[PDB]
There are 4 protein chains.
Amino acid sequence: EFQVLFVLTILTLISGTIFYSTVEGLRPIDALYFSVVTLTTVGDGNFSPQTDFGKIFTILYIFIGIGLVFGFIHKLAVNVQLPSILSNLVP
Amino acid sequence: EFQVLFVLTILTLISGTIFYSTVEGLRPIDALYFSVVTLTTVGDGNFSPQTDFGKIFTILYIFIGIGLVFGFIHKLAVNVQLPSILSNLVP
Amino acid sequence: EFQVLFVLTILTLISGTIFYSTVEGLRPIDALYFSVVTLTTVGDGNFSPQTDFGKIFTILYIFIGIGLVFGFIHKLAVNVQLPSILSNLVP
Amino acid sequence: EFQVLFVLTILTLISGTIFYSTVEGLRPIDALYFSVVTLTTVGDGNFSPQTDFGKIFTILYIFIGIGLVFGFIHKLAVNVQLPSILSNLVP
Ligand SMILES: [Ca+2]
Ligand SMILES: [Cs+]
Ligand code: NA
Ligand code: NA
């Protein structure tokens, strides 16, 4: 479960990294940063896609990607962090 | 269900596209982009409505639109992407 | 329920409107806009509190206000919009 | 529960405050503000990490921190504010 969601998130982020570095001309690390803050809905206070292609892709990327990204964040903290902490509270 | 939520989201976004392109003078594609990042709470790092009408509308648009948009994103990934992936994990 | 959450949200937003217009010197409508996008996590791409008082308040305002605001948005679409639409789907 | 989540959130925010004030050179209060709006997904409309180290950390900070921060906000309003209000509605 967590593994599959992990891989799916990675692929999704790889896709965004490639798209933004190519179409919007961002440095790979910046493309990844934008993909990440966009899908987690944090957003970026400085960059907004400048091309129409970038805008359309971002719209679609958002609708398809948020569900997944949060599904992963959900399991990451519940099935991977909840116990590691919950078990530690055990005297 | 997914169909109704799909149509409802489209209508909501069409409404925003028309409003922002008319009152805030945004190019239609930019009006749609702003409507989308606003309702998914991603936000835009460059544009904020400049008119009081735009500000009041955005406030109302947000309260009425987020519930719907996330209800659609929820079903989109759960009733349309969960299986297409879950079924594929089947050896 | 919806009424109480409605009033609670109004009071919370009134509080923010007063704070930002006074401490950060924003026009009342802008103070309200910032309070709204902040609590719904949409965020504003142009304004960030400039005073330390504004920053500390925003931090506290966020932790105390998001839970409420989303509790209201949740009931607004589920107990006030779900039926008005769900009932309409009835042939 | 609320106590543990409280402490965990504090530690997480302390970590961000230290990181951003050191690597991105932000005033401690600004580092804390950025950590807070980032983890609650509100985002900041003016600042984005400028160093690659800052970008990578923010990406990881987000994935590890949102789950926790919202788990705390969830219990804060449900197990600490819901009653204080719900009980008051009692004639
Ligand atoms: Ca900006
Ligand atoms: Cs945001
Ligand atoms: Na934002
Ligand atoms: Na958000």
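Note: hydrogens, waters and symmetry copies are ignored here, and every other heavy atom, side chains too, is used. So you know, we letter chains A, B, ... as the sequences are listed, proteins then strands, and number each from 1.
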Chain B: which of [options] shares the most heavy-atom pairs with it under 4.5 Å?
| options | value |
| --- | --- |
| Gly67(A), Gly43(A), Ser48(A) | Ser48(A) |
| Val4(A), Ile64(A), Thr41(A), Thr38(A) | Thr41(A) |
| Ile62(A), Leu68(A), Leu8(A) | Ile62(A) |

Are [X] and [Y] side-chain neighbours, meaning at least one heavy-atom pair lies under 4.5 Å?
| X | Y | result |
| --- | --- | --- |
| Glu24(B) | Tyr20(B) | yes |
| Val69(B) | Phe63(A) | yes |
| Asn79(B) | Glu1(B) | yes |
| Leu13(A) | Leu39(A) | yes |

Who wins among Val78(B), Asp30(B), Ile85(B) for the most heavy-atom pairs under 4.5 Å with chain A? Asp30(B)
Residue among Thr9(B), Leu86(B), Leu82(B), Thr40(B) with most heavy-atom pairs under 4.5 Å to chain A: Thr40(B)
Any donor-acceptor N or O pair under 3.5 Å, side chains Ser15(B), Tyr61(B): no
Measure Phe47(B) against the heavy atoms of chain A and call it side chain, backbone, both or neither at under 4.5 Å.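 For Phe47(B), neither part sits under 4.5 Å from chain A.
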